[PDB]
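1. Just dropping in an experimental structure and the matching sequence.
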2 protein chains.
Amino acid sequence: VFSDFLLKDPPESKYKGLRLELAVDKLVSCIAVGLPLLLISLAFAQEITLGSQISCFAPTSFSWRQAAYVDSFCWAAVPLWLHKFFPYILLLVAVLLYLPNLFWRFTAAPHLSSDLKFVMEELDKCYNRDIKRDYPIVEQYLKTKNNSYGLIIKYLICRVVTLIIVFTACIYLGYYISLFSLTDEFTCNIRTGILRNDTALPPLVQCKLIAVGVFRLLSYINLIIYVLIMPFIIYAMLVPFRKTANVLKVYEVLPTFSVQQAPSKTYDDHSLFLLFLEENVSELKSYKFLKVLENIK
Amino acid sequence: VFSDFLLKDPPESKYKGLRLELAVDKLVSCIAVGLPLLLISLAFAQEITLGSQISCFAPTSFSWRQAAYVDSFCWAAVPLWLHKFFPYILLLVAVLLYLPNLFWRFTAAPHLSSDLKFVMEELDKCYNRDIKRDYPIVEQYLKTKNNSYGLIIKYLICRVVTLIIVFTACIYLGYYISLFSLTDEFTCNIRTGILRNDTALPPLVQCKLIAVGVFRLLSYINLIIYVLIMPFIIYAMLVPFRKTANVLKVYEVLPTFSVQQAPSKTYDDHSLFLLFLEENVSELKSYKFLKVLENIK
């Protein structure tokens, strides 16, 4: 009985290439973080070529600096801040979106990695020794992960943070779009604190926001992409209803492994671990041999 | 008896991946250092596009440079320095926050690393040889760390430095917010030292601070994030009341290891070492075998 409990070695950097994120979470994260960076890079580029935020039509009686004053004054205060702070909300949401994958990498990745390596090495050993009564090591190990919750708790944490951030960004951009595309100019007053009773200046002045066009374009692009990537976040968040293949069911054609009685797919570590195992089954060497073998029969 | 005291080798770069910081301290440090850098990067970017700090409405009778003089003069002196020095306090607190993890890395990390490697190699040897009377090497070694204090002293040093810096930054930003969001302009005088009795200049002039909006936004963001990450610092600082799993209790199902009588969780090196051991138990190979083994029984 107890002979295949002795730990010998990993006889290589054998795995070195396990994937610890299910490729859809990976694509979604890359896109959602990258898009605002490209947008605001272009934004800052064009704004540093324009070299101004607004332009006011000052009266000729002013000098240079006397007009620069009103042009700087009217850049301060219907909300104008949804325009003043646009290139900052995007960086903010980009960084907030980068955070959850850091959370994953530092709190769940190494545990999951060790578990995957253990299960895979055990399966390879079992097949290799029984192709030529022991205890169901892998069966009992996977039975242990049937009332724990840490892995799935952390997973759902990451997914819900991502969904919340994307939803908020969407409604912000939407209000921007539905508010600014009706005009781009406004009336500004200057004589307020000391010049209040100074008749040497106009009672009003006009100024125009000179980036509304580009910002509206970027808003449309970002909103479309985000509403496109929301459903994938939800489909990922629905773990116990995804599509699997039961690699543990392909392994049951050898003399003494198991016969998996019946699953239930509840929210627990068993389901998430099975998902990661199926994603990484590309590296299990014995898998293809057993597949063709059960095909011959 | 004395046979398992001979040092043979680490038969690989076996561990090469121990984690020397408990993932919550890691996340907190990354966030707290990174956030002000992103904020002040954006600040310096926008301020170099604006190319000015204030704007004063000089009388038309001035020339160009004669108005530049008042515009530069009134940028000097209710505190205006809380506005003048804003992009510097943030870099200061970022660097002060980076310091404690350097302190940890240089005074505690290598000792802890050697200790972890020793304990883990010893446990693996013990299991591997007794799965097929000796002295409790690991039990006595962990007994030695029961009246020393260096590790926990350094740990608490780092945590309290972090908490102090975060608290001070919070109250600074709070005073900024509660002071500047009532106005953005002030009255300035010029004729003071030589032009005092020079009637060729106005008795007053107005100037406006042209970054109050952006700085207030950054202040809100930073204050919210810092008050969010304070509780985690405290929860970390409360070492002897955290949640563990007693991996040394899972190891006691083999013939001659121990039976852990009773803990007390006082402030000492034993508790902190147990925390680090539980964090790094992902690499102990025998751990999962023993877990499934005690499950079968």
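-> Ah, there it is. Numbering: from 1, shown residues only, chains lettered A, B, ... in the order given.

2. Which residue ranges of chain A form strands?
-> A:54-56, A:185-188, A:205-209 (DSSP state E).

3. Specify the stretch among the ones you listed that is closest to chain B.
-> Smallest distance to chain B across the strands of chain A (C-beta to the nearest C-beta): 11.7 Å, for strand A:54-56. Using the backbone N, CA and C atoms, a C-beta is placed for each residue, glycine as well.

4. what's the closest one in contact with?
-> When contacts are defined by C-beta atoms under 8 Å, 6 or more residues apart in numbering or on different chains, strand A:54-56 is touched by residues A:67, A:70-71, A:74-75, A:188, A:205-210.

5. Pull out whichever of those residues are also neighbours of chain B.
-> For chain B, the contacts drawn from the contacts of strand A:54-56 by C-beta under 8 Å from any C-beta of the partner chain are residue A:75.

6. Please pick the buried ones from the contacts of strand A:54-56.
-> Neighbour-count burial (16 or more other C-beta atoms under 10 Å in any protein chain shown) applied to the contacts of strand A:54-56 gives A:67, A:70-71, A:74-75, A:188, A:205, A:207, A:209.

7. which among those residues gets closest to residue A:132?
-> Nearest to residue A:132 out of the buried ones among the contacts of strand A:54-56 is residue A:209 (C-beta to C-beta; 78.0 Å).

8. Using JSON lines, lay out the contacts of strand A:54-56 together with distance to residue B:14.
-> Below are these laid out as JSON lines (distance: C-beta to C-beta, whole Å):
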{"residue": "A:67", "distance to residue B:14": "72"}
{"residue": "A:70", "distance to residue B:14": "71"}
{"residue": "A:71", "distance to residue B:14": "67"}
{"residue": "A:74", "distance to residue B:14": "67"}
{"residue": "A:75", "distance to residue B:14": "62"}
{"residue": "A:188", "distance to residue B:14": "70"}
{"residue": "A:205", "distance to residue B:14": "74"}
{"residue": "A:206", "distance to residue B:14": "73"}
{"residue": "A:207", "distance to residue B:14": "68"}
{"residue": "A:208", "distance to residue B:14": "67"}
{"residue": "A:209", "distance to residue B:14": "62"}
{"residue": "A:210", "distance to residue B:14": "62"}
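
9. Tell me which two of the contacts of strand A:54-56 sit farthest apart.
-> A:67 and A:209 (17.8 Å).

10. Now the residue of chain A most remote from its centre: phi and psi?
-> Ranked by distance from the centre of chain A (C-alpha atoms, centre = their mean), the top residue is residue A:199, with 57.0 Å. Dihedral angles of residue A:199 (phi, psi; degrees, to the nearest 10) stand at phi -80, psi 10.

11. what does the one 3 residues further on give?
-> With angles defined as degrees, to the nearest 10, residue A:202 sits at phi -70, psi 150.

12. burial of the closest residue in space to it that isn't next to it in sequence, as a residue count?
-> Nearest non-adjacent residue to residue A:202, counting by C-beta to C-beta, 6 or more residues apart in numbering or on different chains: residue A:59, 5.7 Å away. Look at residue A:59: counted by other C-beta atoms under 10 Å in any protein chain shown, it has 12 neighbours.

13. And for the one 5 residues further on?
-> The local packing count at residue A:64 equals 11, with neighbours defined by other C-beta under 10 Å.

14. Ok, residue A:139 next?
-> Applying other C-beta under 10 Å, I find that residue A:139 has 15 neighbouring residues.

15. And it, how far from residue A:256?
-> According to C-beta to C-beta, to the nearest Å, residue A:139 and residue A:256 sit 11 Å apart.

16. where do the contact lists of these two overlap?
-> Counting by C-beta under 8 Å, 6+ apart, nothing touches both residue A:139 and residue A:256.

17. got the residues of the stretch 51-200 of chain A near chain B?
-> A:51, A:61-66, A:68-69, A:72-73, A:75-76, A:81, A:84-85, A:88, A:91-92, A:95, A:99, A:102-103, A:106-107, A:110-111, A:113-115, A:118, A:135, A:137, A:140-141, A:143-144, A:193-195.

18. quick one, what contacts the closest residue to residue A:194 other than its chain neighbours?
-> Closest residue in space to residue A:194, ignoring its immediate chain neighbours: residue B:206 at 4.8 Å, by C-beta to C-beta, 6+ apart. By C-beta under 8 Å, 6+ apart, the contact set of residue B:206 is A:193-195, B:56-57, B:185-188.

19. Most neighbours among those, please name it.
-> Going by other C-beta under 10 Å, residue B:57 tops the contacts of residue B:206 with 26 neighbours.

20. That residue touches residue A:195, doesn't it?
-> Yes: if you go by C-beta atoms under 8 Å, residue B:57 and residue A:195 touch, sitting 6.9 Å apart.

21. ok, the closest residue to residue A:209 other than its chain neighbours to chain B distance?
-> The shortest distance from residue A:209 to any non-neighbouring residue, by C-beta to C-beta, 6+ apart, is to residue A:184 (5.1 Å). Distance of residue A:184 to chain B, given as C-beta to the nearest C-beta, to the nearest Å: 20 Å.

22. ok, residue A:184 - how many residues close by?
-> So residue A:184, with other C-beta under 10 Å, has 15 neighbours.

23. do you know how far it is from residue A:72?
-> Taken as C-beta to C-beta, the span from residue A:184 to residue A:72 is 19 Å.

24. I'd like to know the beta-bridge partner residues of the residue nearest to residue A:194.
-> Per DSSP bridges, residues listed as beta-bridge partners of residue B:206: residue B:187.

25. do you know how far the residue lying closest to residue A:112 once chain neighbours are set aside is from residue A:26?
-> Of all residues not flanking residue A:112 in the chain, residue A:20 sits nearest, at 5.9 Å (C-beta to C-beta, 6+ apart). As for residue A:20, its distance to residue A:26 is 10 Å (criterion: C-beta to C-beta).

26. Show me which of the two is the more surrounded one.
-> residue A:20 (16 against 13).

27. how about that one, what does it touch?
-> Per C-beta under 8 Å, 6+ apart, neighbours of residue A:20: A:109, A:112-113, A:276.

28. Out of these, list just those in helices.
-> The helices, defined by DSSP state H, take in A:109, A:112-113, A:276 from those.
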